[PDB]
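**Q** Here you go, one structure.
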Amino acid sequence: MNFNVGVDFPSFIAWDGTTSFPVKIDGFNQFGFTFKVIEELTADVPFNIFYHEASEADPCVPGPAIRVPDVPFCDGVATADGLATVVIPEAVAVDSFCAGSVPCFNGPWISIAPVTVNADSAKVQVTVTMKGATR
Amino acid sequence: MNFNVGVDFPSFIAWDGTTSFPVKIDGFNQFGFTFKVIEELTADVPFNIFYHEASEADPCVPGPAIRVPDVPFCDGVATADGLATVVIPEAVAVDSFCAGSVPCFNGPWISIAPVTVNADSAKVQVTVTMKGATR
Amino acid sequence: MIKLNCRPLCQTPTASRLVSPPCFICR
Amino acid sequence: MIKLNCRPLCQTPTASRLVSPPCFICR
Amino acid sequence: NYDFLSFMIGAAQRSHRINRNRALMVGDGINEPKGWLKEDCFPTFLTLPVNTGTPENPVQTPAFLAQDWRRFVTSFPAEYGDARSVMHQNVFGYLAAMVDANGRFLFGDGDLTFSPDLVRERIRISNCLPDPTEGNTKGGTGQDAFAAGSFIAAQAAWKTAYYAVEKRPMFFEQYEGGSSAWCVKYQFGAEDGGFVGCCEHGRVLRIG
Amino acid sequence: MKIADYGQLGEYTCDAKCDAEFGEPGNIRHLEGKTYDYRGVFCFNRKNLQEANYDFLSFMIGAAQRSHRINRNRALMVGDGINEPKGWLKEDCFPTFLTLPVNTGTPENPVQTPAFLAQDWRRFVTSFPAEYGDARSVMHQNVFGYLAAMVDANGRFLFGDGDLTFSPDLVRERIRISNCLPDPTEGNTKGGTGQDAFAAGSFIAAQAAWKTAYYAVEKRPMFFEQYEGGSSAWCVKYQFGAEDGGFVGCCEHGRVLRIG
Amino acid sequence: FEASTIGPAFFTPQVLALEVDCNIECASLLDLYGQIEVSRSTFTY
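Residue numbers (full-length UniProt numbering), protein chains in the order written: chain W, 1 to 135; chain S, 1 to 135; chain F, 1 to 27; chain P, 1 to 27; chain A, 262 to 469; chain Y, 210 to 469; chain H, 165 to 209.
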């Protein structure tokens, strides 16, 4: 049969091609990203991962954007500037998707925006998924 | 710990507020929606559910949209015209979300669109989540 | 007519005053 | 950056007052 | 993997209990038994206000003092026999926190808390009843003043002031005519009621 | 799991109806939590460690465990869920109650001063809903002393009277004292009138049914080991850590009192 | 195989034997009232 997966694994938009939306990850145990292309790319498109914290004016509204630091593994190379980034190659076909996640939480909100808003950036879509509720 | 939940429970944009994107569900055996608002509504907004059949010329491209039928449960009301529909009440707060699903699959593509595009429909966002890849 | 399942994200505190009987109010 | 070690010469910790609940004023 | 049938049965029984208890007290007579609070037949005792202003410029404020409770309790006619009081827990908590002119507590004094034997005191507490204090936020002076007409407590000889009639206990059965080979349906119901007896055997205390 | 609601199935219906109404069923939810990691490190020089006449190694091995206990106990109380267990004084889920001020001026030019009086304690303590079962209070000893040292209008003591000091049976009274919690008297310097009055918003005491309002999960005890990768022929390194966690339960089973 | 690069499917969580239940029901006065038994929908006195 079919299930109501939205009850246990909600999904929220993060980048629709023109605007970035902060997403509240405070209430869930785990989360991850999902990348999908809508038209053949012509050049590499890198992305930036930020995070926010509760604003002092109102605890229910996120504050200014802060940039996530890197967390190297044992067998691996630390980023040049120690700040996380994601790059989508040109070989990605229109009929596939990519999944990536971050090892650390930091603030209670998260966001993702491209390094530059060029023509190719409008051809990508990013969505966030959470896997377990705690409240 | 954190996981790459996008590997097992991917999500895709279904309604941006200005354009509707078909969502392929052939390779997954479960699915469900997730509605969220960005700004306070002023009136109720209904949505239609469509599916598609594989296009004749290219089997990897969806065909024309079709209206999903209804399926009354073991006992309860039935739709006036017998076609599935969804309505979002105007009392929904910005800091919340809704989860819904359909009992049947029909074609390998699915889509959702508002009855009438307007400012009210421009404030809503819908995303689809899958589960259990079968290939 | 699909039925939705909803619940909120952010909680809110709640504070109330505590009123006790006044001084020996007398008639 | 040499980390210094500090401690005072005097032995007069300031004499802190004690304040007790007032007499029974009421609301 | 979680049993839903027993959950639904428990929910049905719990709802039945809650509805019956609510109806017997504040239910209306249309489709439910009429409760004594809704009927409002018991004779009423009011409470005098107290002047918080200067004698020549009075400021009448509603109030409720310790001696009012004793006056109310001791005035029940002895001919009617045994009697008990019922009131919300907040009323008892507001009463137990009173002080005299010098500041010493009334009732349990020389101790942090008061906890009498309600069984001997002939008081039974029930949170279903109206709360005149509004969640421990009303009962002071000025903006905290009580609201006139608020329910406080009641006393009566219940065994002759109210009756409960029961006819059939709840039953569960399967509706064979509606359960197909791929569905199931269950039905349940019960019958019960009650009526007010002698309306003279009760008393009600209210703010004035 | 968690039973959010039970629903409202039945109804009172007329005898002329042959059918019945479908009721709204209940609601159930699934919840899950994590466990967090505590880690540390310290370094020594081999020559100094060998030639010193004091056992710095065991001194540090004791200090580490002491700090672990202190930090765990404080984190369960005021921690945040990012990397520490989220505390019940931080989550701000328990309902809060404020103590009214006391007027110290004339009827026409009053002076409002925040205050905490004896009857407020009884009011707060006796207002716990009866259905939730027994509960216990938590306080800083200075609050208890300030409460016990009260006198009435004639100069006689409240509570223990005719005795030099008052010392009730705390276990019977259902009060537990621990100096970890915030202290409103600021070391017995505040609590009078004028400049010595309390500060509005100060924490005083809390009450709840703990066995169902907060949970603590135990996974591992502390361990020590030498870090061979950083150790050298002239200086040494050690590593240690432990795992644990905690989460809040029924938010309705708690109560917090504060100065208004 | 860092847990940050693989799916949840490999990590089965522990199942606790507890169930939070915050519901309450206030005490009933039914024992005070007088008890009567009937066998028909209508009665007289």
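From the three backbone atoms N, C-alpha and C, an ideal C-beta is built for every residue, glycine too.
1) With a cut-off of 8 Å on the beta carbons, I'd call Y/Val334 and Y/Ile413 a contact; round off their distance for me.
2) Is the CB of W/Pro72 under 8 Å away from at least one CB in chain H?
3) How would you list, in chain order, the residues of chain A whose beta-carbon sits under 9 Å from the beta-carbon of F/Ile2?
4) Could you work out which residues of chain Y lie near A/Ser276, taking near to mean beta carbons separated by less than 7 Å?
5) Applying the 10 Å Cβ sphere with the 16-neighbour rule, what's the burial state of W/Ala119?
6) From the DSSP secondary-structure annotation, give me the bridge partner or partners of A/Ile386.
7) Looking at the secondary structure, which residues open and close the beta strand (DSSP E) in which S/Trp15 lies?
8) Can you name the residues that DSSP bridges to Y/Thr305?
9) Got a sec, what are the start and stop residues for the beta strand (DSSP E) Y/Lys211 sits in?
10) Y/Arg238 by DSSP, collapsed to three states: which one?
11) Hey, which unbroken runs of the alpha helix (DSSP H) at 4 residues or more fall wholly within the stretch 314-384 of chain Y?
12) So does the stretch 7-22 of chain F actually touch the stretch 391-409 of chain A, counting three or more Cβ pairs closer than 8 Å?
13) Would you check if the stretch 445-453 of chain Y and the stretch 252-259 of chain Y touch, i.e. whether three or more CB-CB distances between them fall below 8 Å?
14) In the DSSP assignment, find the unbroken beta strand (DSSP E) run with Y/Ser276 in it and report its ends.
15) Run through the DSSP bridge pairs and tell me what F/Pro8 is partnered with.
16) Could you give the first and the last residue of the continuous alpha helix (DSSP H) run that contains S/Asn48?
17) Determine whether the Cβ of A/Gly364 lies closer than 8 Å to any Cβ atom of chain P.
18) Does DSSP classify Y/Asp405 as helix, strand or coil?
19) Report the option in Y/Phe231, Y/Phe368, Y/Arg467, Y/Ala358 whose CA atom is closest to the CA atom of residue 476 of chain Y.
20) Applying a beta-carbon distance threshold of less than 9 Å, which residues of chain F neighbour Y/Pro304?
21) So which residues of chain F does Y/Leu307 contact, with C-beta pairs closer than 8 Å?
22) Quick one: does W/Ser96 have its CB under 8 Å from some CB of chain H?
23) Please list, in chain order, the residues of the stretch 217-241 of chain Y that have any C-beta partner in chain A closer than 9 Å.
24) Start and end of the beta strand (DSSP E) containing A/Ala451?
25) Within 10 angstroms of the Cβ of Y/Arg283, are there 16 or more other Cβ atoms? Answer buried if so, exposed if not.
26) What does W/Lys131 reach in chain H if we use C-beta pairs closer than 8 Å?
27) Give the range of the alpha helix (DSSP H) segment to which Y/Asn257 is assigned.
28) Roughly how many angstroms separate the alpha carbons of H/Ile170 and S/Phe3, rounded to a whole number?
29) Output needed in chain order: residues of the stretch 75-104 of chain S with a Cβ under 8 Å from some Cβ in chain W.
30) What residue does the alpha helix (DSSP H) around S/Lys123 start on, and which one ends it?
31) Using CA atoms only, rank isn't needed, just tell me which of Y/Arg381, Y/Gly235, Y/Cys389 is closest to Y/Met348.
32) Between the stretch 29-48 of chain S and the stretch 2-19 of chain W, do three or more beta carbon pairs fall short of 8 Å?
33) If you drop the 5 nearest sequence neighbours on each side, which residues of the same chain put their C-beta closer than 6 Å to that of Y/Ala415?
34) I'd like to check one pair, W/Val94 with W/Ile38: are the Cβ atoms closer than 8 Å?
35) Just verifying my parser: in three-state terms, what is the DSSP assignment at A/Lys299?
36) Give the residues of chain W in contact with F/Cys10, contact being defined as C-beta atoms less than 7 Å apart.
**A** Reading from the atomic positions:
1) Contact between Y/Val334 and Y/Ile413 fails: their C-beta atoms lie close to 12 Å from each other, not under 8 Å.
2) Nearest CB-CB separation between W/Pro72 and chain H: not below the 8 Å threshold.
3) Neighbours of F/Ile2 in chain A, taken as residues whose beta carbon is under 9 Å from its own, are absent, since the nearest beta carbon is some 20 Å off.
4) What A/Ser276 touches in chain Y: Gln217, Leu218, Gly219.
5) Counting the other CB atoms within 10 Å of its CB gives W/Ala119 a total below 16, which places it among the exposed residues.
6) BP columns for A/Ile386 point to A/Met348.
7) Looking at the DSSP string, the run of the beta strand (DSSP E) that includes S/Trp15 is 11-15.
8) F/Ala15, Y/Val465, per the DSSP bridge assignment.
9) Its beta strand (DSSP E) spans residues 211-214.
10) For Y/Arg238, the three-state secondary structure derived from DSSP is strand.
11) Taking only runs of at least 4 residues, the alpha helix (DSSP H) segments lying wholly in the stretch 314-384 of chain Y are 327-335, 350-357, 379-382.
12) Yes, the stretch 7-22 of chain F touches the stretch 391-409 of chain A.
13) Between the stretch 252-259 of chain Y and the stretch 445-453 of chain Y there are three or more inter-stretch CB-CB distances shorter than 8 Å, so the stretches are counted as touching.
14) Careful: Y/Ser276 lies outside any beta strand (DSSP E), inside the alpha helix (DSSP H) at 265-287.
15) Beta-bridge pairing links F/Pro8 to S/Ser96.
16) Where S/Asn48 is concerned, there is no enclosing alpha helix (DSSP H), although the beta strand (DSSP E) around it starts and stops at 45-54.
17) By this cut-off, A/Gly364 is an interface position.
18) DSSP places Y/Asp405 in the helix class (H, G or I) of the three-state scheme.
19) Because chain Y here runs from 210 to 469, residue 476 of chain Y falls outside it and cannot be looked at.
20) Correct list: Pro13, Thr14, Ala15, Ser16.
21) In chain order: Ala15, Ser16, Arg17, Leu18.
22) With respect to chain H, the C-beta atom of W/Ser96 has no partner C-beta closer than 8 Å.
23) Cβ proximity to chain A below 9 Å picks out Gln217, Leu218, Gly219, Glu220, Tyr221, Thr222, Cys223, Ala229, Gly232, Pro234, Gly235, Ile237 from the stretch 217-241 of chain Y.
24) Segment 447-457, the beta strand (DSSP E) holding A/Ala451.
25) Y/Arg283 comes out exposed.
26) Around W/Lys131, the beta-carbon contacts reaching into chain H at under 8 Å are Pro172.
27) Here the alpha helix (DSSP H) through Y/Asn257 covers 255-260.
28) Distance between the alpha carbons of H/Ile170 and S/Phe3: 6 Å.
29) Result list: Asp95, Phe97, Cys98, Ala99, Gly100, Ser101, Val102, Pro103, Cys104.
30) Annotation for S/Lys123: no alpha helix (DSSP H) segment contains it, and DSSP assigns it neither H nor E.
31) The candidate whose alpha carbon is nearest that of Y/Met348 is Y/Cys389.
32) Using a Cβ-Cβ distance cut-off of 8 Å, the stretch 29-48 of chain S and the stretch 2-19 of chain W are in contact, since at least three pairs of beta carbons, one from each stretch, lie closer than that value.
33) If we look at Y/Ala415 and ignore the five residues flanking it on each side, its Cβ neighbours are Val347, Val465.
34) In contact: W/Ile38 and W/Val94 (Cβ atoms closer than 8 Å).
35) The three-state reading of DSSP puts A/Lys299 in helix, counting H, G and I together.
36) Per Cβ cutoff of 7 Å: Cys60.
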